[PDB]
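*Asks:* One structure, pasted below without further comment.
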There are 2 protein chains.
Amino acid sequence: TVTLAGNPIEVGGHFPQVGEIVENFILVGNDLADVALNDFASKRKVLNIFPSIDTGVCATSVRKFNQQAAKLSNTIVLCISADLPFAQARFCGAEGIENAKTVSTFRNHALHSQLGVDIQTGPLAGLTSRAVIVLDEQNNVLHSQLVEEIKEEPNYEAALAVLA
Amino acid sequence: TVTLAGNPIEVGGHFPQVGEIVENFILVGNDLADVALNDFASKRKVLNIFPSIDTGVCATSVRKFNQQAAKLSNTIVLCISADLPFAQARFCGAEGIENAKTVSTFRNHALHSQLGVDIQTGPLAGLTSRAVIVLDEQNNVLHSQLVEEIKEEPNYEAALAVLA
């Protein structure tokens, strides 16, 4: 039921629901080093998933969210996309933001389906659908949203409301 | 055996050798549209394979080679890497060159092993090893080189030599 600029797109996999537990996964950091979800043990996690964080013009609502989220107590914001570490290191949505890091799925495309954000049709096939998943320090889903429209601003407030 | 800064890296697949024919493959162009080897049937091709074309450091020698090869009669230069199309437009060796296009493997990781450039270990696992493959109008390999040292400049002269 997800669309791109109005045009329907098929997104595969099971999108995590509240109360569910997200399994450990391994991604790649800006320095090409492996970064596992459990590397942030006993910490709340915010999975900010984007088809691409290298769209050029940086956002604003996007950066605003990352800042406010990372400023919360004992929480880490993970911006996830299939962009390679080289490109993610330039992402302006989480630059001077301490508790905000970008991690790449380039050698773990299997994760896309595992998180229910696997775009399978259209020019964006092979990329992760826009989504926001909040996890507690035990990796339990406190909140999650698979944006119906890729080019649409996620319900950021709802994501923050649960973190506090 | 290929190495990176001395430390050897494992590269899977059968690297095309002179005397072999390369089969058609489909990659993704800068506009996210599919691009196939067959789209340039009856023309010579130069497959310029890079671990990444978004390293932040772009040598003028990289751009020079593309221009020289592309200026050759009935020749198309395909710069290939796992960088997403969004980043492949930030490459200094393709932008502005008529017969020099960049294409991404993000939707076709199987192509890595197919061309024997599949890096499997180290921090570059998941990327395509540095290589240059020159094909004739029949997709027969005229020259090919799997760069023994990723940080080494390919033998561009040898590649141009077979086309003129």
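Ordering of the structure tokens sets the chain letters (A, B, ...); residue numbers start at 1 within each chain; ligands are numbered from 1 in the order shown.
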Could you name the residues that touch range 2-13 of chain B at 7 Å or less, counting only C-alpha atoms, but leaving out those on the same chain fewer than 5 positions away, as JSON, numbers by chain?
*Replies:* {"B": [113, 114, 115, 116, 117, 118, 119, 120, 121, 122, 148, 149, 150, 151]}
*Asks:* Matching each Cα of chain B to its counterpart in chain A by order, what RMSD results from the least-squares fit?
*Replies:*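 The C-alpha RMSD comes to 0.5 Å.
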*Asks:* What are the residues of chain B lining chain A at 6 Å or less? Count only C-alpha atoms, and put the answer as a PyMOL selection string.
*Replies:* chain B and resi 32+83-84+107+123+126
*Asks:* Could you work out how far CA of residue 77 in chain A lies from CA of residue 22 in chain A, giving the answer in Å with one decimal?
*Replies:*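 CA of residue 77 in chain A lies 15.2 Å from CA of residue 22 in chain A.
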*Asks:* CA of residue 147 in chain B and CA of residue 61 in chain B are how many Å apart?
*Replies:* 15.6 Å
*Asks:* Quick one: of B:146, B:141, B:132, B:78, who's nearest to residue 36 in chain B, counting only C-alpha atoms?
*Replies:*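 Among the listed residues, the smallest separation from residue 36 in chain B belongs to B:78.
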*Asks:* I need the residue nearest residue 155 in chain B from this list: B:104, B:51, B:25, B:130. Use only C-alpha atoms for the distance.
*Replies:*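 Ranking B:104, B:51, B:25, B:130 by distance to residue 155 in chain B, first place goes to B:130.
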*Asks:* Could you check how far CA of residue 89 in chain A sits from CA of residue 103 in chain A, in Å to one decimal?
*Replies:*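 Straight-line distance from CA of residue 89 in chain A to CA of residue 103 in chain A works out to 9.1 Å.
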*Asks:* Can you list, as a VMD selection string, every protein, DNA or RNA residue that comes within 12 Å of range 156-158 of chain A when you count only C-alpha atoms, leaving out same-chain residues fewer than 6 positions away?
*Replies:* chain A and resid 46 48 61 to 69 131 to 134 142 to 147 164
*Asks:* Run DSSP on the backbone and give me the residues of chain A it puts in helix (DSSP H, G or I), as number ranges by chain.
*Replies:* A: 37-40, 61-70, 85-88, 110-114, 156-163
